[PDB]
Each structure stands twice: as structure tokens, then as C-alpha cells.
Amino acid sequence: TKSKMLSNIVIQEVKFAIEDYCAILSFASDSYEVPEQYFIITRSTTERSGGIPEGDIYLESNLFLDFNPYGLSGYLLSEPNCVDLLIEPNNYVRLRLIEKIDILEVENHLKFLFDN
């Protein structure tokens, strides 16, 4: 089968924090307090604001769409300035980053989140 696209959203803001033993990578459709569309990736870290990404990676969204929250298997970069999140089985979510966003900086956070 071809991989099934679950969602294809434009992203204006990407943020990364490590807070309360959790790495947090967020993709927001706008810069408001309650963006219209978002995905958040999270994974435990061994230290409160740093340390080692640990455990199962987790994915979250406000959009009404079915997917395993623990289903992330990886990512792919696509043109133009696209992050494709691979969700098992054989699904993906396309996050088209507006041009301002340094996609290599987003990728480095993703390499962190998926490390071991």
C-alpha cells in the first residue's frame, strides 16, 4: 500500500522545550494561545530540564483524527520545508513549515527526540 496521509497542515511556529522531565516539540498553525491546528511530540528525559530522552515517544493533536498516540516510528524531510511524521501502521502527517522556520533546527530536535 502507499503510505496514508492522515493530515496536511501549515505550521507557523515550532517550539522546543524540556520542562518537568519531558522533551516537548510543538507545531502550531498560528502564534495565538489556542492555535487552530497543532501537533505536539513529547518524550521523557532523565533530568528535569535536560538529560537523556527516554521511553516511548508520544504524539498529540487537537484535530479529530484516529492514530495510535504511541505510533511514531520516525520522520522524513520533504520539499518544500516539510516535516513528515511517520505513524504506524503506514500513516503519516505532513507539517509544512512556513519559510522562516529553519528546518534543520527542527530536524536536530527530532534527532534528539528519537535518539535511542
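Counting begins at 1, following the sequence as shown.
Averaged over their C-alpha atoms, the temperature factors of 39-47 and 26-34 are higher for 26-34. The stretch with the higher mean CA B factor, choosing between 17-25 and 88-96, is 88-96. Comparing the listed residues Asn68, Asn81, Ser73, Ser61, the entry records the largest Cα B-factor for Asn81. When the modelled residues of the chain are ordered by C-alpha B-factor, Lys111 sits in the lowest third.
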